[PDB]
Every structure is written in structure tokens, then in C-alpha cells.
Amino acid sequence: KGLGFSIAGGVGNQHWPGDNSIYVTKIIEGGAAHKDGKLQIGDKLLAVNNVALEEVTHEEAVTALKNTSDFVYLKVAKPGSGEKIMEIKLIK
Amino acid sequence: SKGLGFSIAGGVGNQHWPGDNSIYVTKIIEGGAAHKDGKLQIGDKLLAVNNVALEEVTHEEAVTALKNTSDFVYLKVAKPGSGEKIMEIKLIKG
């Protein structure tokens, strides 16, 4: 990053007991994610580009974030919403 | 994200055959843009999508290039056999 944010969670690395989801835990100031403004700390990462982030390890979630091009398509759910999915496009 | 009517495989870190990083067409949907145009074939090696070279890239990158396409798409493609090596194939999204 790159995109200026950090994540926690993953299978075998649960951020809440019993939940395998990836979560944003840190958003760098004046970084790509921040400058856009849509992404918030606590948001669940559903998918990066065409790679689903449900039931993957933390390492796979990082790999998925590296192997975008400069063009990034994030799918995200806000904590306690819907389920409603939201798309966030970002440039590295 | 897909209206060109085909799927790919291969890529750095996701080789279709050992040692081979190339992107290959592995599926073509009957009735789709690729099918109705008729030039693209299962087995074909995909070299570019518009401005994006696909020589030594991850599968995620190759997919992403095909994701960020508009109405008219330019594909560069390597055909085996006795013809010209590179074929360009332009397609309209359905």
C-alpha cells in the first residue's frame, strides 16, 4: 500500500470471535483511499477486483490487494448495513 | 463485468502449464461477441487488451484489463499453425 490502508482479519486470524472477514483497520492520511473518502475504518472487504475475499487468509487478502493494476475495484460492506454492497474505485 | 463472451486462464503465479506464464483463452460462450465474430479460438494465447500488454502478468491483472473495457475492444492474439503469428481481433461488447 500503495492504496494507503491496512487490514486485519482472515481465516485463522479472526478479528471478531467466529468471524473470518477482512476488515479495514487503518487509513493513511492523504493516501489514495483517504483522499477518495469513501473507505472507512471498520468496513468489511468483500472483494478486490475480481477476487472474492470471503473465507480467505490474511495473506491471500494482501496478495489480492497487490495484484491489481493501478486501477482498483473494491467491494465493501459498512458495519451494520443491509446487506448492502458498495463499490469504491481507486487509483494507486 | 463481462460482455465479450469468453474466459481466460494462465498468468504469473497461476501457470496453465509448468513454466508458462501466458494468458490463454479457455472458454467461449456460444452466442457471445467473441463467438459471433468467429476469429477467437479456445487455446489461443492472448497477448494484449487495448493498451495493456499481458506478457508476464498475474491473472488478476489480465482479468482487470478485460474488466476496464468499453464499447469497442482491441485484442492481440497469437495463433499457432501456419499463418501470420499475431492476429488482431476487434470486438463489440454485448
# chains A, B, ... in the order shown; residues from 1 in each chain; ligands from 1

$ residues_around --residues "segment 48-64 of chain B" --least-positions-apart "2" --cutoff "9 Å" --atoms "only C-alpha atoms" --output "ChimeraX atom specification"
/A:49-51,64,67-69,71-73 /B:7-14,21-23,46,66-69,73-77

$ write_last_selection --atoms "C-alpha atoms" --output "PDB file, in the first residue's frame"
ATOM      1  CA  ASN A  49     -11.146  -6.514  -8.427  1.00  0.00           C
ATOM      2  CA  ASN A  50     -12.447  -9.912  -9.432  1.00  0.00           C
ATOM      3  CA  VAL A  51     -11.159 -11.784  -6.343  1.00  0.00           C
ATOM      4  CA  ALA A  64      -5.248  -9.726  -3.864  1.00  0.00           C
ATOM      5  CA  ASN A  67      -2.032  -7.800  -7.841  1.00  0.00           C
ATOM      6  CA  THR A  68      -4.439  -5.162  -9.065  1.00  0.00           C
ATOM      7  CA  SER A  69      -3.035  -2.803 -11.604  1.00  0.00           C
ATOM      8  CA  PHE A  71      -6.831   0.517 -11.253  1.00  0.00           C
ATOM      9  CA  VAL A  72      -8.632  -0.938  -8.269  1.00  0.00           C
ATOM     10  CA  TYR A  73     -12.245  -2.073  -7.827  1.00  0.00           C
TER      11      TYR A  73
ATOM     12  CA  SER B   7     -12.837 -16.641 -20.271  1.00  0.00           C
ATOM     13  CA  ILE B   8      -9.078 -16.835 -19.696  1.00  0.00           C
ATOM     14  CA  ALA B   9      -6.541 -18.737 -17.645  1.00  0.00           C
ATOM     15  CA  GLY B  10      -2.799 -18.568 -17.041  1.00  0.00           C
ATOM     16  CA  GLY B  11      -0.627 -15.782 -15.672  1.00  0.00           C
ATOM     17  CA  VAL B  12       2.448 -15.333 -13.489  1.00  0.00           C
ATOM     18  CA  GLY B  13       1.847 -17.303 -10.299  1.00  0.00           C
ATOM     19  CA  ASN B  14      -1.019 -19.134 -11.970  1.00  0.00           C
ATOM     20  CA  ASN B  21       3.146 -17.533 -17.693  1.00  0.00           C
ATOM     21  CA  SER B  22       0.998 -16.773 -20.759  1.00  0.00           C
ATOM     22  CA  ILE B  23      -2.710 -15.951 -20.827  1.00  0.00           C
ATOM     23  CA  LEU B  46      -3.909 -13.548 -25.537  1.00  0.00           C
ATOM     24  CA  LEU B  66     -10.675  -7.057 -19.650  1.00  0.00           C
ATOM     25  CA  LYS B  67     -12.835  -5.549 -16.927  1.00  0.00           C
ATOM     26  CA  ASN B  68     -11.966  -1.948 -17.811  1.00  0.00           C
ATOM     27  CA  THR B  69     -13.112  -2.160 -21.404  1.00  0.00           C
ATOM     28  CA  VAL B  73     -12.253  -3.673 -27.728  1.00  0.00           C
ATOM     29  CA  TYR B  74      -8.952  -4.444 -29.410  1.00  0.00           C
ATOM     30  CA  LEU B  75      -7.391  -7.891 -28.784  1.00  0.00           C
ATOM     31  CA  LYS B  76      -3.983  -9.009 -29.909  1.00  0.00           C
ATOM     32  CA  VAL B  77      -3.697 -12.782 -30.170  1.00  0.00           C
TER      33      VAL B  77
END

$ residues_around --residues "residue 20 of chain A" --least-positions-apart "5" --cutoff "10 Å" --atoms "only C-alpha atoms" --output "PyMOL selection string"
chain A and resi 8-15+53-58

$ select_by_dssp --residues "chain A" --states "strand (DSSP E or B)" --output "JSON list (two decimals) with N, CA and C atoms, in the first residue's frame"
[["chain", "number", "residue", "atom", "x", "y", "z"],
["A", 5, "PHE", "N", -3.98, 1.96, 3.06],
["A", 5, "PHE", "CA", -4.81, 1.42, 4.12],
["A", 5, "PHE", "C", -4.32, 0.05, 4.57],
["A", 6, "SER", "N", -4.72, -0.36, 5.78],
["A", 6, "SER", "CA", -4.31, -1.64, 6.34],
["A", 6, "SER", "C", -5.52, -2.49, 6.66],
["A", 7, "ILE", "N", -5.32, -3.80, 6.74],
["A", 7, "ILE", "CA", -6.43, -4.69, 7.02],
["A", 7, "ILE", "C", -6.09, -5.70, 8.09],
["A", 8, "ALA", "N", -7.12, -6.12, 8.80],
["A", 8, "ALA", "CA", -7.00, -7.21, 9.75],
["A", 8, "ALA", "C", -7.99, -8.30, 9.36],
["A", 9, "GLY", "N", -8.00, -9.39, 10.10],
["A", 9, "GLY", "CA", -8.92, -10.48, 9.87],
["A", 9, "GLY", "C", -8.36, -11.60, 9.01],
["A", 16, "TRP", "N", -13.10, -10.65, 14.90],
["A", 16, "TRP", "CA", -14.04, -10.86, 15.99],
["A", 16, "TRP", "C", -14.14, -12.38, 16.15],
["A", 19, "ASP", "N", -15.69, -14.86, 13.27],
["A", 19, "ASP", "CA", -15.88, -14.15, 12.00],
["A", 19, "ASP", "C", -14.58, -14.13, 11.22],
["A", 22, "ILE", "N", -12.38, -9.98, 6.31],
["A", 22, "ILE", "CA", -11.35, -8.95, 6.24],
["A", 22, "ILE", "C", -11.95, -7.60, 6.65],
["A", 23, "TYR", "N", -11.18, -6.81, 7.39],
["A", 23, "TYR", "CA", -11.64, -5.52, 7.86],
["A", 23, "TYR", "C", -10.58, -4.46, 7.66],
["A", 24, "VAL", "N", -11.00, -3.24, 7.38],
["A", 24, "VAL", "CA", -10.06, -2.13, 7.30],
["A", 24, "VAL", "C", -9.83, -1.66, 8.72],
["A", 25, "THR", "N", -8.56, -1.55, 9.10],
["A", 25, "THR", "CA", -8.24, -1.15, 10.46],
["A", 25, "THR", "C", -7.40, 0.12, 10.54],
["A", 26, "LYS", "N", -7.03, 0.67, 9.39],
["A", 26, "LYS", "CA", -6.16, 1.84, 9.37],
["A", 26, "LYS", "C", -6.16, 2.50, 8.00],
["A", 27, "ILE", "N", -6.41, 3.80, 7.97],
["A", 27, "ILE", "CA", -6.44, 4.55, 6.71],
["A", 27, "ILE", "C", -5.47, 5.74, 6.75],
["A", 44, "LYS", "N", -15.98, -3.88, 6.02],
["A", 44, "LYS", "CA", -15.65, -5.23, 5.57],
["A", 44, "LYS", "C", -15.28, -5.26, 4.09],
["A", 45, "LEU", "N", -14.10, -5.79, 3.77],
["A", 45, "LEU", "CA", -13.73, -6.03, 2.37],
["A", 45, "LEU", "C", -14.37, -7.29, 1.80],
["A", 46, "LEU", "N", -15.19, -7.13, 0.76],
["A", 46, "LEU", "CA", -15.84, -8.28, 0.15],
["A", 46, "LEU", "C", -15.03, -8.88, -0.99],
["A", 47, "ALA", "N", -14.39, -8.01, -1.77],
["A", 47, "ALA", "CA", -13.69, -8.43, -2.98],
["A", 47, "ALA", "C", -12.75, -7.34, -3.49],
["A", 48, "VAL", "N", -11.62, -7.75, -4.05],
["A", 48, "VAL", "CA", -10.70, -6.82, -4.67],
["A", 48, "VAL", "C", -10.62, -7.17, -6.15],
["A", 51, "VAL", "N", -11.56, -10.78, -7.33],
["A", 51, "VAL", "CA", -11.16, -11.78, -6.34],
["A", 51, "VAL", "C", -11.95, -11.70, -5.02],
["A", 52, "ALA", "N", -12.81, -12.68, -4.79],
["A", 52, "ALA", "CA", -13.68, -12.68, -3.61],
["A", 52, "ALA", "C", -12.86, -12.83, -2.33],
["A", 71, "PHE", "N", -5.39, 0.36, -11.32],
["A", 71, "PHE", "CA", -6.83, 0.52, -11.25],
["A", 71, "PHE", "C", -7.41, -0.54, -10.32],
["A", 72, "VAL", "N", -8.14, -0.08, -9.32],
["A", 72, "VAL", "CA", -8.63, -0.94, -8.27],
["A", 72, "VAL", "C", -10.14, -0.83, -8.12],
["A", 73, "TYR", "N", -10.81, -1.98, -8.10],
["A", 73, "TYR", "CA", -12.25, -2.07, -7.83],
["A", 73, "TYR", "C", -12.48, -2.79, -6.48],
["A", 74, "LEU", "N", -12.89, -2.04, -5.45],
["A", 74, "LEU", "CA", -13.17, -2.65, -4.15],
["A", 74, "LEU", "C", -14.66, -2.80, -3.94],
["A", 75, "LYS", "N", -15.06, -3.94, -3.39],
["A", 75, "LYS", "CA", -16.42, -4.13, -2.89],
["A", 75, "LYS", "C", -16.36, -4.21, -1.38],
["A", 76, "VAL", "N", -17.28, -3.51, -0.74],
["A", 76, "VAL", "CA", -17.20, -3.22, 0.68],
["A", 76, "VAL", "C", -18.60, -3.24, 1.28],
["A", 77, "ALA", "N", -18.74, -3.75, 2.50],
["A", 77, "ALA", "CA", -19.96, -3.52, 3.27],
["A", 77, "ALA", "C", -19.66, -2.75, 4.55],
["A", 86, "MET", "N", -21.14, -1.91, -1.59],
["A", 86, "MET", "CA", -20.78, -0.65, -2.22],
["A", 86, "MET", "C", -19.45, -0.77, -2.96],
["A", 87, "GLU", "N", -19.35, -0.14, -4.13],
["A", 87, "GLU", "CA", -18.12, -0.22, -4.91],
["A", 87, "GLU", "C", -17.33, 1.04, -4.78],
["A", 88, "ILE", "N", -16.03, 0.88, -4.63],
["A", 88, "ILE", "CA", -15.13, 2.01, -4.48],
["A", 88, "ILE", "C", -14.02, 1.81, -5.49],
["A", 89, "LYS", "N", -13.89, 2.75, -6.41],
["A", 89, "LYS", "CA", -12.83, 2.68, -7.39],
["A", 89, "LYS", "C", -11.69, 3.58, -6.94],
["A", 90, "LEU", "N", -10.45, 3.14, -7.16],
["A", 90, "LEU", "CA", -9.29, 3.85, -6.61],
["A", 90, "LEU", "C", -8.10, 3.70, -7.53],
["A", 91, "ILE", "N", -7.24, 4.71, -7.53],
["A", 91, "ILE", "CA", -6.01, 4.60, -8.28],
["A", 91, "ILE", "C", -4.81, 4.58, -7.34]]

$ residues_around --residues "segment 36-40 of chain B" --least-positions-apart "6" --cutoff "10 Å" --atoms "only C-alpha atoms" --output "MDAnalysis selection string"
chainID B and resid 5:6 25 28:30 46 75 77 79 87:92

$ select_by_dssp --residues "chain B" --states "helix (DSSP H, G or I)" --output "number ranges by chain"
B: 33-37, 59-67

$ write_last_selection --atoms "N, CA, C and O atoms" --output "compact mmCIF listing (two decimals), in the first residue's frame"
# COMPACT_ATOMS: atom_id res chain seq x y z
N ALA B 33 -20.09 -12.21 -28.17
CA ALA B 33 -19.37 -11.36 -29.11
C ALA B 33 -18.20 -12.06 -29.78
O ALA B 33 -18.05 -12.02 -31.00
N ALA B 34 -17.38 -12.73 -28.97
CA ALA B 34 -16.26 -13.49 -29.49
C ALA B 34 -16.72 -14.60 -30.45
O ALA B 34 -16.12 -14.82 -31.50
N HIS B 35 -17.81 -15.27 -30.08
CA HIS B 35 -18.32 -16.37 -30.89
C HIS B 35 -18.83 -15.85 -32.22
O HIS B 35 -18.43 -16.36 -33.26
N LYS B 36 -19.71 -14.86 -32.18
CA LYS B 36 -20.31 -14.30 -33.39
C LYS B 36 -19.30 -13.65 -34.33
O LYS B 36 -19.50 -13.62 -35.55
N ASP B 37 -18.22 -13.12 -33.78
CA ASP B 37 -17.15 -12.62 -34.63
C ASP B 37 -16.39 -13.77 -35.30
O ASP B 37 -15.94 -13.63 -36.43
N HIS B 59 -2.93 -13.30 -13.11
CA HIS B 59 -4.27 -13.49 -13.63
C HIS B 59 -5.15 -12.29 -13.26
O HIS B 59 -6.00 -11.87 -14.04
N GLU B 60 -4.94 -11.75 -12.06
CA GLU B 60 -5.77 -10.68 -11.56
C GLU B 60 -5.62 -9.46 -12.47
O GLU B 60 -6.60 -8.76 -12.73
N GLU B 61 -4.40 -9.21 -12.95
CA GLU B 61 -4.16 -8.06 -13.82
C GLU B 61 -4.87 -8.25 -15.16
O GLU B 61 -5.57 -7.35 -15.64
N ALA B 62 -4.68 -9.43 -15.75
CA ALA B 62 -5.27 -9.77 -17.04
C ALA B 62 -6.78 -9.65 -16.98
O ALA B 62 -7.39 -9.04 -17.87
N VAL B 63 -7.39 -10.20 -15.94
CA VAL B 63 -8.83 -10.02 -15.74
C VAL B 63 -9.23 -8.54 -15.67
O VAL B 63 -10.24 -8.12 -16.24
N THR B 64 -8.41 -7.77 -14.97
CA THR B 64 -8.71 -6.38 -14.69
C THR B 64 -8.73 -5.54 -16.00
O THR B 64 -9.63 -4.76 -16.19
N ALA B 65 -7.75 -5.76 -16.86
CA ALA B 65 -7.69 -5.16 -18.19
C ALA B 65 -8.94 -5.45 -19.03
O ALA B 65 -9.43 -4.57 -19.75
N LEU B 66 -9.46 -6.67 -18.94
CA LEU B 66 -10.68 -7.06 -19.65
C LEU B 66 -11.88 -6.48 -18.93
O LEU B 66 -12.97 -6.39 -19.48
N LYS B 67 -11.71 -6.10 -17.67
CA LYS B 67 -12.84 -5.55 -16.93
C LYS B 67 -13.07 -4.08 -17.31
O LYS B 67 -14.22 -3.62 -17.39

$ atom_distance --atom1 "atom CA of residue 41 of chain B" --atom2 "atom CA of residue 93 of chain B"
17.2 Å

$ atom_distance --atom1 "atom CA of residue 27 of chain B" --atom2 "atom CA of residue 42 of chain B"
6.0 Å
